[PDB]
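Below is one structure; the comments refer to it alone.
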Amino acid sequence: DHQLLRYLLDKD
Amino acid sequence: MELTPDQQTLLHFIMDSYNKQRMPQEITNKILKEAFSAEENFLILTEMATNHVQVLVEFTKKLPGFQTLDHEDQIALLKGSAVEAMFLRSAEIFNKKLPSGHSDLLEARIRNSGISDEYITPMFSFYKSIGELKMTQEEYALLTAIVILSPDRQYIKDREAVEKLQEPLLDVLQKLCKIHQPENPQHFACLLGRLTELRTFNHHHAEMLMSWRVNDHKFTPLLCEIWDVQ
Ligand SMILES: O=C(O)c1ccc(OC[C@H](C2CCCCC2)n2c(-c3ccc(Cl)cc3)nc3cc(F)c(F)cc32)c(F)c1
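Here's what the structure looks like:
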């Protein structure tokens with residue numbers, strides 16, 4: 365469910 | 003006619019963001035240095051593809067207005083463009099001028115990398131068609147940003163929001179096409195047409211990885227999410 369992409373988008 | 007100060011600001015900002023990538027020389031030097039097995043090339047591919055996605059997310063986050071978009075739409079844009087952006091960057095790398103005989107060796111090395119016969123010819127046809135446009139670095143950067151900010155991507159809830167962000171990039175690209183190629187008034191239309199040709203790579207991108215001539219197809223969790231492989 366694009367968990368890593370979501371994390372990369374929402375970080376910093 | 004000429005770029006306005008705001009457009010010049012936009013262009014240098016996109017260029018600076020785009021230049022945070024691996025230098026083409028680094029990639030081609032590695033492939034030209036020595037021949038590797040299909041197994042070694044598969045791992046080289048998954049490493050390079052994982053790094054490309056990571057760099058692409060940082061480039062995308064810097065695109066003006068991207069972080070103002072709906073969060074689900076942000077995911078839809080990144081997921082919808084990641085593969086196309088990698089093939090556009092591969093085309094740029096393939097068409098970078100090298101010493102005599104090197105591009106032929108580079109093509110021969112990729113042709114024998116382990117990739118299936120069915121996918122070889124269409125891939126090089128796309129790289130060679132991109133190459134005929136003789137695109138500048140600024141055209142590649144703007145075209146990548148335009149691919150990412152595609153409003154007609156699947157699952158996008160708010161098209162207009164994406165249209166508004168893509169529009170100034172298209173305006174800068176059109177002006178640059180008129181400046182870099184005043185002799186060819188079709189240059190801009192040709193660039194946009196190549197984007198439609200890029201979309202046919204999504205249809206079989208998972209298969210290009212799964213059909214690699216190796217016994218085991220190990221992928222990173224990030225690549226599994228972006229390329230739709232297990
Ligand atoms: O800038 C980046 O981040 C970046 C990331 C990945 C890349 O693709 C690497 C693979 C090779 C991997 C090792 C074995 C040979 C192919 N590759 C491809 C390619 C073939 C198949 C698939 Cl499925 C995807 C990409 N087309 C190429 C054309 C080039 F000029 C070139 F130098 C390498 C190329 C890349 F070019 C650039």
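Chains A and P, in that order, give the protein sequences.
Numbering-wise, this note's numbering puts 365 at position 1 of the first sequence, and it's gapless, one number per residue.
Numbering-wise, this note's numbering puts 54 at position 52 of the second sequence, and it's gapless, one number per residue.
Built from N, CA and C at the ideal position, the CB exists for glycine as well.
| query | result |
| --- | --- |
| Cβ neighbours of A87/P in the same chain (closer than 7 Å, five flanking residues each side left out) | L58, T146, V149 and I150 |
| Segment contact flag, the segment 201-209 of chain P with the segment 48-57 of chain P, C-beta cutoff 8 Å, min 3 pairs | no |
| Nearest-angstrom Cβ-Cβ length linking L12/P and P170/P, presumed shorter than 8 Å | 6 Å |
| Residues that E86/P contacts on chain A, provided the C-beta gap is smaller than 8 Å | Per Cβ cutoff of 8 Å: no residues; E86/P is ~15 Å from chain A at best. |
| Heavy atom of ligand 1 within 7 Å of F128/P beta-carbon | no |
| Whole alpha helix (DSSP H) elements within the segment 13-82 of chain P, 4-residue minimum | 26-35 and 40-64 |
| Cβ contact (3+ pairs, closer than 8 Å) linking the segment 103-117 of chain P and the segment 176-183 of chain P | no |
| Exposure of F89/P, with buried meaning 16 or more beta-carbon neighbours within 10 Å | buried |
| Assigned exposure category for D365/A - 16 Cβ within 10 Å defines buried | exposed |
| For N114/P, the nearest candidate out of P223/P, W229/P, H219/P and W214/P (CA to CA) | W214/P |
| Proximity test, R161/P beta-carbon vs ligand 1 heavy atom, cut-off 7 Å | no |
| Contact with chain A by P124/P, beta-carbon distance below 8 Å | no |
| Pairwise C-alpha distance: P101/P and residue 1/P | Residue numbering for chain P in the displayed model covers 3 to 232; residue 1/P lies beyond these limits and cannot be assessed. |
| Neighbour list for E227/P in chain A, Cβ cutoff strictly below 8 Å | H366, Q367, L368 and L369 |
| Start and end residues, alpha helix (DSSP H) containing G195/P | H189 to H205 |
| Segments assigned alpha helix (DSSP H), at least 4 residues, entirely inside the segment 115-192 of chain P | 119-134, 139-150 and 161-182 |
| Close-in-space but distant-in-sequence residues of the same chain around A84/P (CB under 7 Å, 5 per side omitted) | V55, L58 and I228 |
| Interface partners of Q76/P on chain A, CB under 8 Å | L373 |
| Residue closest to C192/P, alpha-carbon to alpha-carbon, out of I132/P, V164/P, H205/P and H182/P | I132/P |
| Cβ separation of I16/P and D75/P, assumed to be a contact under 8 Å, to the nearest whole Å | With a Cβ gap of about 20 Å, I16/P and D75/P do not count as contacting. |
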